[PDB]
Structure formats: structure tokens, C-alpha cells
Amino acid sequence: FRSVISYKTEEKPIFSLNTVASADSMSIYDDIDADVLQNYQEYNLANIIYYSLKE
Amino acid sequence: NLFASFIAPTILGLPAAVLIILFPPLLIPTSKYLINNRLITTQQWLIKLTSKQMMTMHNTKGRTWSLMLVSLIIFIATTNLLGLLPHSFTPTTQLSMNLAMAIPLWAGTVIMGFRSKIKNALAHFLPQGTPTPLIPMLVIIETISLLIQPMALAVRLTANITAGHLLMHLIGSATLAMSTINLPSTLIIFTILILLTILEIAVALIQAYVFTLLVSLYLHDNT
Amino acid sequence: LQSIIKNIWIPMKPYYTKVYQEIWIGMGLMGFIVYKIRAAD
Amino acid sequence: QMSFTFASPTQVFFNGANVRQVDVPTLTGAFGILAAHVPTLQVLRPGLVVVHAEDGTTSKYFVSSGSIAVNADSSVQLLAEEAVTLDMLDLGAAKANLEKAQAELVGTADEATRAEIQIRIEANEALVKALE
Amino acid sequence: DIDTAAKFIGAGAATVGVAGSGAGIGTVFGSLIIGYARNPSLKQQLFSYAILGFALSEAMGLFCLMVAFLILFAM
Amino acid sequence: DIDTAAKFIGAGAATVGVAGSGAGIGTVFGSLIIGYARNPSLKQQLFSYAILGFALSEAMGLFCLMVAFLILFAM
Amino acid sequence: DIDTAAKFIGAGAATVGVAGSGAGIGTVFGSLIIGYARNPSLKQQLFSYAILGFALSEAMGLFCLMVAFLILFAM
Amino acid sequence: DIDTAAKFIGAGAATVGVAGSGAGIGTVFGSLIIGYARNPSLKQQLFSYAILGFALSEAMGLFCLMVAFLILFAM
Amino acid sequence: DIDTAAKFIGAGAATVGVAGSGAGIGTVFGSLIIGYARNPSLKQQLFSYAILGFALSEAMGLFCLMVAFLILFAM
Amino acid sequence: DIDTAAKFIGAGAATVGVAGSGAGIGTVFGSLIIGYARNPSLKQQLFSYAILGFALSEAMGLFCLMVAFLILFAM
Amino acid sequence: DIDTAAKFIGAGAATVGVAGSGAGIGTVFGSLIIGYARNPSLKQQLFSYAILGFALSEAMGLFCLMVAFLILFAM
Amino acid sequence: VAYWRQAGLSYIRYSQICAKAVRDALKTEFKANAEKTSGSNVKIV
């Protein structure tokens, strides 16, 4: 939603456990294993669905 | 007097140690059938589990020792378990048998590593990213390690099994010496003896597995 | 000589001749060590 | 240096706020986040979130679950599915529901149903411990 | 004469062995601190375990002292 | 004379060896506190593992009391 | 004259057993540092637990020291 | 003739006990490293605790040295 | 004579107390490894602490060596 | 002779200082395992540290062995 | 007549130093357990490190035993 | 790995149970609006 007159069809990406676990930029996030990343990815799926619905 | 159970047994003047060392394989009957009795079924399940445990980490050349390493673990485990029965003579308490088990296998692995693999065999004495001013020292260490591996194998078996047996015998004496005295204390010592017996069963199996696993790792470092 | 090497040496030939050669060298080494131990005793 | 965004799906508590310490009940333990805290990302369990303002004052909330992300730029993002100020809950209902959940646990015989009962039990235990 | 002297030396050697109980109690209470900082809601049960730890480790140390005194006075 | 003296000294030195059992018990129960604060639902399995570790440390102490008594009595 | 020599050597041995309390206090306060770095809002209770653990470890160390002083002066 | 010899042996045995403070200081500063790598904003208070821990662990060591210098010189 | 004999024995005993320095150095550098793996951005400062920790624990060991050379070569 | 006897005993005593380096190498390599499980992308840097830590801990141990020889052969 | 006695005592003292390798191997394999429970995807490399650590830590112990034999049998 | 994940659940179900439990413990002055705001209405096809 942009304005009362304007809206734009947007697209957002959804990553898997293997994408965020295998990333080299995630090596700086401490106290992380596959279980916390699984929980985090599930919750973020719910969050992105909610945000899309509200837009 | 105290080490009487580790002296080469003799019956009527003959070396009964020969029979005691040849007996363990008699407890493993084999069959050509497809569906056979409970003993062979359980034993074949155990042998398959043991082979998959010991041998999956090896390449095609280290997997030619499947027969050797499975035979080693079966033989040692059955000898250690049969050594727990009353009055028995355990041949794995002898430094001679354990040296004759340890030196051939370790020497075979290191000679296999020096025949082929010779570049990597000589490179193994130095870890990959070792800093420069320390390269000499870490070669004096690793080298002597490779030279104590056989002895530290045999002793680790001998010194363990022997010790276990000794402990049990001593606790046994305790119970006997306490049989004519307070009986609740005798029962407490007997419960300690039962816990020690279960621990000795576990240690029999664990020592078989660890001897075989160290031989397996020496083989893996040379194939 | 018969039915022994048919049930003992034909099955164990691939291992005694090919696989355990280094084991045989090491067993010679072990015998040498045991001879040096028993002789200095 | 710490920019703290604390939000619920329907309500924003902090938005880029400059707090100095936040205590969160992560599923791998509780911890307190200050500026330059090591980057981490965790999911929450029911419990109190105590936000410490630069001027010593603290705000206590009760979050049911959600996520927490401490980033390399000292930016913290706390997102709770159900965040509630402590004055909106009552002790009696927490205790009654905890008792009901304990009873339904001692009754249930399934494994996943029992898992759900245990989740409800521990949630109500956190509620009881947090209220008083 | 020499027997009493060796009794003194042996009691000293035997009471060397309370170092293990000292280190073990240190470890038990350090881990209590750590595990309570992580899960401060288990404060009770955690402490129980700590108690149990301090009851077992110290026991070993006490054993040493017993032996020491048994060498010094009784036998 | 000197033999009983050395027996007392050796008994003390041998009972020094259970300091390691005390320290190992401390380590086992501290790690039990930590692991239970981590996953408080595995209380039974964690306690059983702690009992096993304690038993094995006590066995390593028994191996020292064995030599203590082999010095003191059965020279 | 051998008793005084034995008392000296036995007191040195006895006071060896303080290394355990040294290492245990080191462990207690290192774990205090770690547990305070994780949860800096439990500082007072973490310090209470640290005081308790240090007190018990120092108690074992002082038991060793007092056995040493008992041998050295009061026989 | 034997008193001075026993004094040397007891002084060595007593100064053995500094190993405990060495290990405890190692633990304290390793924990400082870890707890600071976690939450560096506490770097002051963390370090404070370290000092305290240090000054206590080393304290035990000094006791040992004290007994050494009490055996070697004051007697 | 007996006094130089005891000097040798006491120097060896005093030298035993370098084990604590070895263990503490191991702990300091292991915790440096762990804390650098966790927060590699703090590396420099972490290394600083490691140095400090190292320089302190070794120092204790040095005292031990000192006492050794105080017995074997000085007094 | 009594001086050579004490040379033997003093070398045997001074050799105990290698326990510290053994435990320290154990700690350094356990912490290498943990730090590599945490951040496997620093396997080089970590390992460097590891060897450094080893090189230092064993260093202290070597001193003890060296000292032992310098009581057995030098004087 | 007396030098063989000192050889026995020095060999026992020198072999005391294997406690460090016992503890170091304990630390290495405990940290292998922990680091593999954290990242079971590196099970091979982790295990490799363990072996290395073990083979180095145990090395020091053999050093001690070496000296023990070099006091008991050679000179 | 928590007990509920071993039992096959997910963090979405965990969150659902925990949020419902936090809602049930609300004093009735807020409870109706709370259960209206967060109630699900979508149905699966």
C-alpha cells in the first residue's frame, strides 16, 4: 500500500533453514544452532505472512 | 599368592592356556542356512552392527581390513567376557599376548603407510597449519607418539584387565574377611562387589572396542 | 593335506598373500622384539 | 548506542528507542542485552521483558513468545506475538489455568497432546512466577 | 621413634588429598552461578543439586582427613 | 621398624589419589546443574548420567585405595 | 630429633592441600564473571552465590592449613 | 643435622601449593576473556570481578609461600 | 652430606609448582580461542586480556622456580 | 652416596611439573574443538592460536623436565 | 644400597606427572562431546582435532613415564 | 531441541499455545478485546 490511489504489487523472499545456516554472514551471530534457526525461520514465515496480509 | 590368577595355568603338567585361548571361537557357531537358530541370529546381528560401526569410516583400501578388525574385536571381547567367570584365566591380562596383538597390526599399518602414501606418511608428522618456529619441536613429539602407539596399546589393555580382576579379587577377600563379623557391612561390601562386576563387564566390552578402534585409526591414517 | 587347505587356505589365501603382507612384516618385527626380550632375561 | 524496537503484531512499545539494557527470556536461557552485545538471534519463551531506560527507570512487560535479534550495529529487534503490561493480568486466572493444565497432564496419555499440555503448564508457571 | 615420625609424614601426605574436594566445591558452585544466570527460575532445584554436589565432593575430602587422622592416632 | 614407617608413608601417598575423585564429582555435578538449567525436562536422564559419572570417578578412587591396602597389609 | 624433621616435612605436605582451594576460588569467580556477563541484572544474587562457594572452598583450604599447624606446633 | 634438611624439604613441599593459584588465575582470566567477548559494555565491572577473583586466588598461594617462609626461616 | 641432598630434593619439590602455571596458560589460551570464535570483532582486545592472563599465571610459576633456585643455589 | 640418591629423588620430583602442561594442552585442544564448532570459518586463525597455546603450555612443562636433567646431570 | 632406594622413590615421583595427561584427555574428549552436540555437521573434522589433542596431551604423560623408567632402569 | 520439538511440534504451535495461555490469564476488562484482536478466522481449502 502506497497511498489512497496507488498500490504496487511487491514480492518478498522467504529463506529456508539451509539458506540462513549456510550463509557466511551468519557466522557472527552467537549462540546459534540449527534448532534456534528453525524456530526463527518458522516465526519469520508467520511474520511475513502477517505483514503481507496487513498491506 | 595375590597374582595367582595371572600365572600360566597347567593341568596335569600341560599348558591349559592353549585351550583357554583357543576356546572363544567355539562359542560362535556358523551356518549355511538362510533362517537359523536364535544364537546365530543374535550373533549375526551383532557382527553386522559391529562391522558397520568400525568400518564405515574407511576408504576402499582400509575396508579390506573388515575381516581383521571384526575378528579382533570379537576375539578380544569374548576373551575379556570369559575372563569374568569364576576361577578363570584371562589371557588378555598377559603382556605377551597383548604385545603380539598390538605390534603386528600397528606395524602393518605404518609399513602400509610408508610403502605407498610415503609423501603423506612423512607429511603426517607435521600438522597442516603449524607455525614456522615450532616445526622442529612438533616433529620430536609426534614421532615418539608414533613409536609408543604399540606399547601404549598393549599396556592399555593389560593394565586395565589385570587391574579390574585384582580389584574384584580384593573386594572378594574383604567379604570373606567380613563374613565372621558384622553382616550388614558384609552385604554392603557384596553390593560394592556386584556393582564392580557390572562395571567389569562394561570394561571388558569397552576395552575390546577401544583396542580395535585405535588400530582402526592407525589404519585410517595410512590408507 | 586335502580338505584342510580346501577349508583353511583357499578361503584365507586372498588375505594371507595380498592384504596382510605388512602384517607379516610387523609380525617378524614382533618376533624380533620378543626374541630380544627373552634373550636379555 | 542501542536502538531498541519492541513490538507486537498490533502495538509498538519502542521504535528505535535508546535504552541501555533489556532483559529477555530466550528459549536457551535469560540474558541481558547492552550496547555492543555480541550479535545473536533467539526465539522467546513466556516471561518478563524488563527494559532499562537511560535514566534508571525500567518498564516490565510479559511476552508470550516471538523473536529477539541483536545485530552488529547494536540494533535490537524484539517481536512478541502477545506482549502485555503486567497490570493487565491477574494472578488468580494464571493459577487456576495452571491447575487445570496440571490435571489434564496427569490425565493425558498421548505424546504430542502431552507436549501441548506441558507448553501450557510452563506458560502458566511463568505467568504465576511473574505476577507474584 | 621412627614410626611416629612416619606417622606425621603420612598424615601430611594424606591430607594433601583435600585439594580435590576444594576444587570440586569450587566447580560445583561456579556451575550453580552459571546455570542460575541462564535459568533463574529453577533457582530452587539448581540449588538442591549444588547441595548434593557439595555433599558428595566434600565427602571425598573428608574421607582423606579421616585416613589422615586414622594414621595419626588410631592405626 | 623402617618398614612399618614406609608403610604409613605409602598409605598416605596412595590415599592422595582420591583428590581426583573429589574433583571429578564436583565437575560431574556442576555440569548436571548446567545441563538441567539448559533442558529442565530431561531431569531423569541427566541425573542418571550424573550417577554414572560419579560411580566411575569413585572407581578410579577405588583403584588408589587398592594400592593403599596392598601397601599397608599385603606388602 | 627425627620427630621434628618429620613434623617439618609433614607440615609442608599438609599445606600442599591448599592448591585445591586456590583453583576452586578461581573457578567460582571466573564463573561469577561469566554469569554476570550473561545476566547482569542478577548481580547481587550471583555475588551471594559466589560468596558462599568461595567460603566453602576457602574452608577446605583452611582445614588443610590447620592440619599443618596442628602437626607443626601442637603435635 | 637433620632439622635443616627437613626444613629444605618442607619448604619445597610447601611452595608446591602455588600451582593452585596459578590454575585459578588462569581460570579467572579465561573467564574474563569469555564474559567480555559476550557482553563488552560491562567491561569495567567484569574486570573488577576479575581483580577480586585474582586477589583471592593468589591469596591462597601466598598462604602456601607463607608456610614455606615460616618453615625455612622462622624455624 | 645431608644438607646438599635435601637441597636437591627441595629444589625438585619447589619446581613441581610450575604445573599450575602450565594449566593456567592452557586455560587462558583456550578461552582466547573460544572468545575469538564467538566475537571475532573483539580479537585485538581479547588478545590483550590473554596476554595479561598469561603474564600473570606464568608469574606464579616463576615464583616457584625462584624458590627452587633459592634452595639449590642460594640458601 | 647420599647426594646422588637425592639427585634421583629431586629429578623425580621436578618431573611432576609436566602434569600442568599435559592438562593445559588438553584444555587448549578442547577449546579449539569448541571454538571450531562455533565458528568453523576461522579454522585457520583458531588453529594458529591453538598451536601457540600448546607451544606455551608445553614450554613450561619443558622447563620442569629441563630442571630435572639439571639436577641429574648438571648439578 | 641407598641409591636403588632413591631410584624407586624418584621413579614414583616422576610417574606422578601422568595425572596431567589424564585430566587433559578428559578435557579433550569432553569438549569433543560438547562441540559435536553443538554442530554435528563437522563430526569428522572435530573428531580429527580430538585425536590430535589426545595424541599431544598423552605425549606429555609418556614423557613423565619415560623419565620414570630412565630413573628406574638406566640411571 | 526442546521437548515439544522432539514430540513433532513447531514454534508456530508453541507460540500459539503460549499466546493463548497469556490471553486466558488476562483480567476480563481486557480479555474480550484481546481474544477478538488475535483470533483467527481463515479456513483451509
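This deposited entry lists cryo-EM as its structure determination method and 2.53 Å as its resolution.

Visitor: What should I look at first to understand the domain arrangement of chain D in this one?
Guide: It is common to report an interface's size as the accessible area lost on association of the parts. Residue and element names in this part refer to chain D. Per the domain assignment, the segments of chain D are domain 1 (1-89) and domain 2 (90-132). Taking only C-alpha atoms into account, the centre of domain 1 sits 25 Å from that of domain 2. For domain 1, the biggest contributors to the area lost against domain 2 are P46, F62 and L89; these three give 74% of the whole. If you look at where domain 1 meets domain 2, you find zero salt bridges. Where domain 1 meets domain 2, there are zero residue pairs in polar contact. Residue composition of the side of domain 1 that touches domain 2, grouped by class: six nonpolar, no polar and no charged.

Visitor: Where do I start with the pairing of strand β7 (residues 67-70) of chain D in this structure?
Guide: Here is the key point about a regular strand: its side chains alternate between the two faces of the sheet. Residue and element names in this part refer to chain D. Every second residue of β7 is oriented toward a common face, with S67 and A69 on one face and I68 and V70 on the other, all of them buried. With four bridges joining them, strand β4 (residues 40-43) and β7 adopt antiparallel strand pairing. In the strand pairing of β7, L41 is matched with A69. Direction of pairing for β7 relative to strand β8 (residues 75-79): antiparallel, over a ladder of four bridges.

Visitor: Teacher, can you tell me more about the state of the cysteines here?
Guide: As used here, a disulfide is simply a covalent bond connecting the sulfur atoms of two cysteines. Scanning the model with the defined rule gives zero disulfides over all chains in all. The thiol of E:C64 is unpaired, and the distance to the nearest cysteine sulfur, on G:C64, comes to 8.9 Å. Residue classification places E:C64 among the buried positions, given a relative accessible area of 0%.

Visitor: Whenever I open this one, the interface of chain H and chain G confuses me. Can you help?
Guide: Chain H puts 38 residues into the contact, and the matching count from chain G is 36 residues. Around 3,100 Å² of area is buried between chain H and chain G when both sides are counted, 79% of it from carbon and sulfur atoms. Summed over the shared surface of chain H and chain G, the number is zero salt bridges. Across the chain H-chain G interface, the total number found is four residue pairs in polar contact. Of all the elements in the fold, those that place two or more residues in the side of chain H that touches chain G are α1 (2-15), α2 (18-38) and α3 (43-72) of chain H. Per element, the largest residue contribution to the side of chain H that touches chain G is 15 residues, and it comes from α3(H). Its residues assigned to classes, the side of chain H that touches chain G comprises 24 nonpolar, eleven polar and three charged.

Reading the values: the criteria
- Residues numbered from 1 in each chain as written, not as in the entry; some residues may be left out.
- Chains lettered and ligands numbered in written order.
- Part of a larger assembly, values for the part shown.
- Heavy atoms only, no water.
- Domains from an automatic or database assignment.
- Buried area = accessible area lost by both parts, 1.4 Å probe.
- Salt bridge = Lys/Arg side-chain N within 4 Å of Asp/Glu carboxyl O.
- Polar contact = N/O pair within 3.5 Å; in protein donor to acceptor, adjacent residues only side chain to side chain.
- Nonpolar A, V, L, I, M, F, W, Y, C, P; charged D, E, K, R; others polar.
- Buried < 20%, exposed > 50% of the residue type's maximum accessible area, 1.4 Å probe, protein only.
- Helix = DSSP H or I, 4+ residues; strand = E, 2+ residues; numbered from the N terminus.
- Pairing = 2+ DSSP bridges.
- Disulfide = S-S within 2.5 Å.
- Contact = heavy atoms within 4.5 Å.

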